[PDB]
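Encoded as structure tokens, the structure appears first; notes follow it.
Each answer follows from the model by the rule given with it, or from the source it names; nothing here is a laboratory result. FYI the Cβ positions are ideal-geometry reconstructions off the backbone, even for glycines, and counts take in every protein chain you see.
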């Protein structure tokens, strides 16, 4: 049942993608507002997909996926490895490594303890920020009757 | 989950077949010496009957969840108590296949899609020129 | 329930409409006369389908006045409740005598006597509601009703429903 | 000017013949299942569950807005708003009947997408029950085969107790989480 | 060149397309195993033809979630990434502020030369203003 | 009030209007008073 | 003129909006500073962020009132010569006759 | 049942009765301010207008000719010979 | 017709403030990447 929802979300995302490519293929390009609108649709879809993934991520971490006896392993193994490929985008992971190195500070060693102190600083900073938000938000406020006249001119009655 | 182990030469000193496929499972880095098979091997030094022998012993188990010769088999890593699994490895084309999740593959998907989404978004976002009377125009 | 029905209406055109926008005027006159009407025989004719393929046919010209009468064949979505049908709906009104449940285009009235035993009308509640220990039914809640019978008033169909039996009531 | 049907009947003068309608599947003389196409061929009755009805009407009201702009030439909560836009464009505006029907259908529909609806359509049609029953099964969400055979008494013995529970399982999964 | 930039954009977006779609198809078959019931219909025709029905499998594990809970480093990585994003966003916003400020300079210069623009007689119509002289 | 009804038939729906000479409306009422039914139908059932 | 005053007020509103944007930027960057453990900017972060909201709120009050004044001015200050030519030429003519 | 155009066997000529009824009908319609399919060359009497429309075969009417069995052949006024 | 402008403008203001504060809440708090994307959106 969860896998059906996941497949639905993925299908929608794929559709939005294909549509985007289609809009791009035209020379003049589409009205900017429309492109942004479709972009927002994709946003909603992908939000749903990530929330659903994460909600089932405990139940998704739970299984094992391999080819069944009916799979044409002989002819194409490579497409099967592609479908099963768990390696990230080497760029997404290169900017994950680049972000992580750039992410302040924060080098392994550490060690945890002191890292938990860092995380603590982050969390208390978050609480302070929330309070500030609360107060800042607290600072603002959210003649006559036409017929009768005519009748007089025509007959003289008041 | 990200890697593929192959000892293409290991087929050459033996030939690659079923009991062979088990042993070749033992040869690859995917194998653990903390399993029962290593114990049985060491004891022997000092295919159905094997499965018969695993019924006596208690511990982690690796069994044969397929035969398509001479290419494919599933080899199942299961925790026997009723038999609970653990993970499922496939053997296809003299290469050990990593058993990659479920969740992780989906993670990969999401990651990739999101990344290029971001790229397109920024690249296009640079382009437009805005005037209050003109709104957003593309020069 | 909620059917799609193959229907045909007779419209009569006065000669002055025998112009190029004829078929258009006719389809319009169809949507005026039929859509949103209600009959005991078919129920609520809610919406006419396939506006482009409405069949105008040929028009027999009456022999006294020059006018011309057509038999417009069309497809429509209709709604006709039946006794025994179980329907979900919303409470729209709620008095000391029962409550009405708006289901589709039609309301269904649940008399205070086809209700669970202890579920009784309390007027000190705001708004007045039906207040069991494990139920509160008032002017905006969702209910599942069993239609105990229909009343045909050729302009609308009204009906009376029960929530007493198993699997009914609030949802 | 009273809108007529697709079938004929012998006026035996005795108007006293009409029977009542129930959940013994005794729908009208009009709504019995062997009925006749505008082209004259005998087709089966078409009863829609909601979701399915919500789409038919929506799909149809849009086909109509198109034609009106042609002749002009010479999230659930969000949808409740968009629909009231489509109505003021395509319907006569006095159509309070349709306006409620769409608010109802939009708030009570179990399946949103045409794909999902088709999945229900596929699933429920191997059972070969009355078209009225498959409509109810598509509209009323039930958990037990008893719930079903209580809310749809028309079944009772047409489908097995366990085969009906299989179906309610697959329906519950196809249910759109708005 | 602007057109070349558009080509780049299209390229990137296309990559995204391919990836997500692939995910969906895989999901589709894996579902085609049990439910489905109509779920396999979302698979591409070539893929559908290529693979016989009844593909893959699954196994039972708890404690992958517990192993994930045991390692807390991913959260730290998340925080850092978020911070970086926030920084880039800051720079961009500064840029926007400057650009819009100057734009407001010129536009209100135009509006001031247009407050100086003097009269009410003549008809003005419109993304630029035009007067009817005749 | 646009109400129709033929009680006894319980028909508030299947009703038509016709233009006949009042003497026939009379003749028909007369034949009825005499226990004869001159049932008037707006469609056919025989062919030929 | 009155219309000039209205336009000036509108321009002022634009300026206010711009300010709001700038302090949005400041707020973001300095929040980034606070998360890293620099608390020295806590006074300046919150100040710019609060001055932003204050400026935005002031603009909202100013803009909404300006829109109301426009609606109230409909029909009043706001919509819902050849004798001049002749005097020019006569002037021109008497000037030619008596240079 | 309606006889196909290729199987029609009634007169290719318009009957006295047909013509009298077409002229009657058009004149009636013309008189009820229906659109006129001909240049009225000063004409004002709807029958004289009808005569003119039939004279140029610009009358958009069809004769449904019933046979004793119930079947029929439809004939256009444009296609009927007016030897009367 | 100007009342529509007033309504649209007010709705826009509320939307702007609310989105600003709520985005400020959304960060601080590939899930992180998704959060970043959402931030970009807001």
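Do we find that residue H:70 is surrounded by fewer than 14 Cβ atoms within 10 Å (Cβ to Cβ) and over 30 Å from residue F:48 (Cβ atoms) in this structure?
So residue H:70 does not fit the description; no.
Per-residue answers, yes or no, for (1) outside any helix (DSSP H, G or I); (2) farther than 13 Å from residue E:16 by Cβ; (3) in contact with a helix residue (DSSP H, G or I) (Cβ under 9 Å, 6 or more places away or on another chain):
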site: A:11; (1), (2), (3): no, yes, yes
site: A:16; (1), (2), (3): no, no, yes
site: A:22; (1), (2), (3): no, yes, no
site: A:45; (1), (2), (3): no, no, yes
site: A:58; (1), (2), (3): no, yes, yes
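Only a single item in (1) surrounded by fewer than 18 Cβ atoms within 10 Å (Cβ to Cβ); (2) within 10 Å of the chain's Cα centre (by Cα); (3) within 17 Å of residue G:53 (Cα to Cα) is not met by residue I:39, and it is number (3).
For residue A:111, indicate whether it is in contact with a helix residue (DSSP H, G or I) (Cβ under 7 Å, 6 or more places away or on another chain), more than 14 Å from chain G (Cβ to nearest Cβ), over 18 Å from residue I:21 (Cα atoms) and not in a helix (DSSP H, G or I).
Considered against the rule, which asks whether it is in contact with a helix residue (DSSP H, G or I) (Cβ under 7 Å, 6 or more places away or on another chain), more than 14 Å from chain G (Cβ to nearest Cβ), over 18 Å from residue I:21 (Cα atoms) and not in a helix (DSSP H, G or I), residue A:111 comes out as no.
Counting the residues of the stretch A:131-141 that are closer than 17 Å to residue I:22 by Cβ and more than 7 Å from every other protein chain (Cβ to nearest Cβ) gives 4. All of D:83, D:57 fail the test of being touching a strand residue (DSSP E or B) at 6+ places or on another chain (Cβ under 6 Å), part of a helix (DSSP H, G or I) and either under 23 Å from residue C:52 (Cβ atoms) or not assigned by CATH to the domain that holds residue D:168 (or both), apart from D:57. For the stretch D:111-123, residues that are surrounded by 21 or more Cβ atoms within 10 Å (Cβ to Cβ) and under 14 Å from the mean Cα position of the chain (by Cα) total 3. The number of residues in the stretch E:62-106 that are over 24 Å from residue A:118 (Cα atoms) and surrounded by fewer than 16 Cβ atoms within 10 Å (Cβ to Cβ) comes to 12.
When the stretch C:130-149 is filtered for residues that are more than 23 Å from residue D:106 (Cβ to Cβ) and surrounded by 21 or more Cβ atoms within 10 Å (Cβ to Cβ), the ones remaining, listed by number, are C:130, C:146.
State yes or no: is residue H:15 farther than 22 Å from residue C:17 by Cβ and surrounded by 11 or more Cβ atoms within 10 Å (Cβ to Cβ)?
yes
Restricting attention to the stretch D:47-97, the residues being within 8 Å of chain C (Cβ to nearest Cβ) and within 16 Å of residue D:178 (Cβ to Cβ) number 1. Please tell me if residue G:78 is under 23 Å from residue E:124 (Cβ atoms) and touching a strand residue (DSSP E or B) at 6+ places or on another chain (Cβ under 9 Å). No, not satisfied.
Considering only residues in the stretch A:24-43 that are within 10 Å of chain E (Cβ to nearest Cβ) and in contact with a helix residue (DSSP H, G or I) (Cβ under 8 Å, 6 or more places away or on another chain), the one that is nearest to residue E:41 (Cα to Cα) turns out to be A:42. Selection over the stretch A:84-105 of residues that are surrounded by fewer than 19 Cβ atoms within 10 Å (Cβ to Cβ), within 8 Å of chain E (Cβ to nearest Cβ) and part of a loop (DSSP other than H, G, I, E, B) gives a count of 1.
Filtered by the rule that a residue be away from chain C (no Cβ under 14 Å), surrounded by fewer than 15 Cβ atoms within 10 Å (Cβ to Cβ) and assigned to a helix (DSSP H, G or I), the stretch D:142-171 gives D:161, D:162, D:163, D:166, D:169. Among the residues of this structure, residue C:65 counts as one that is under 30 Å from residue H:30 (Cα atoms), within 7 Å of another protein chain (Cβ to nearest Cβ) and surrounded by fewer than 18 Cβ atoms within 10 Å (Cβ to Cβ). Among the candidates C:3, C:70, C:18, the residue that is within 7 Å of another protein chain (Cβ to nearest Cβ) and either buried (at least 20 other Cβ atoms within 10 Å of the Cβ) or under 24 Å from residue C:146 (Cβ atoms) (or both) is uniquely C:3. Suppose the filter is more than 15 Å from the chain's Cα centre (by Cα), away from chain E (no Cβ under 12 Å) and either part of a strand (DSSP E or B) or farther than 30 Å from residue B:6 by Cβ (or both); does residue B:136 pass it? Criteria not met by residue B:136.
Of the residues making up the stretch B:51-106, those that are more than 12 Å from chain A (Cβ to nearest Cβ), in a helix (DSSP H, G or I) and in contact with a helix residue (DSSP H, G or I) (Cβ under 8 Å, 6 or more places away or on another chain) are B:53, B:54.
Beta carbons closer than 6 Å, at least 6 apart along the sequence or on distinct chains, never pair a first residue in the stretch B:113-139 that is within 22 Å of residue A:50 (Cβ to Cβ) with a second that is loosely packed, with under 13 Cβ neighbours inside 10 Å. The helices (runs of 4 or more DSSP H) found wholly in chain G and carrying at least 3 residues that are within 11 Å of another protein chain (Cβ to nearest Cβ) occupy G:2-35, G:42-72.
Residues that are within 19 Å of residue D:177 (Cα to Cα) and at the interface with another protein chain (Cβ under 8 Å from one of its Cβ atoms) were ranked within the stretch D:124-141; the one that is surrounded by the most Cβ atoms within 10 Å (Cβ to Cβ) is D:139. Within the stretch B:1-46, the residues that satisfy the criterion of being surrounded by fewer than 12 Cβ atoms within 10 Å (Cβ to Cβ) and either in contact with a helix residue (DSSP H, G or I) (Cβ under 6 Å, 6 or more places away or on another chain) or assigned to a helix (DSSP H, G or I) (or both) are B:19, B:42, B:43, B:44, B:45. Restricting the stretch C:22-37 to residues that are touching a helix residue (DSSP H, G or I) at 6+ places or on another chain (Cβ under 9 Å) and assigned to a loop (DSSP other than H, G, I, E, B) leaves a set whose member that is farthest from residue D:100 (Cα to Cα) is C:35. Of all residues in the stretch C:52-62, exactly one satisfies the criterion of being in contact with a helix residue (DSSP H, G or I) (Cβ under 7 Å, 6 or more places away or on another chain) and either buried (at least 21 other Cβ atoms within 10 Å of the Cβ) or not in a loop (DSSP other than H, G, I, E, B) (or both), namely C:61. Kindly indicate which of C:92, C:78 is in contact with a strand residue (DSSP E or B) (Cβ under 9 Å, 6 or more places away or on another chain), part of a strand (DSSP E or B) and surrounded by 21 or more Cβ atoms within 10 Å (Cβ to Cβ). Of C:92, C:78, the one residue that is in contact with a strand residue (DSSP E or B) (Cβ under 9 Å, 6 or more places away or on another chain), part of a strand (DSSP E or B) and surrounded by 21 or more Cβ atoms within 10 Å (Cβ to Cβ) is C:78.
Kindly evaluate residue H:38 against the criterion of being surrounded by 14 or more Cβ atoms within 10 Å (Cβ to Cβ) and farther than 19 Å from residue C:62 by Cα. Answer is yes for this residue.
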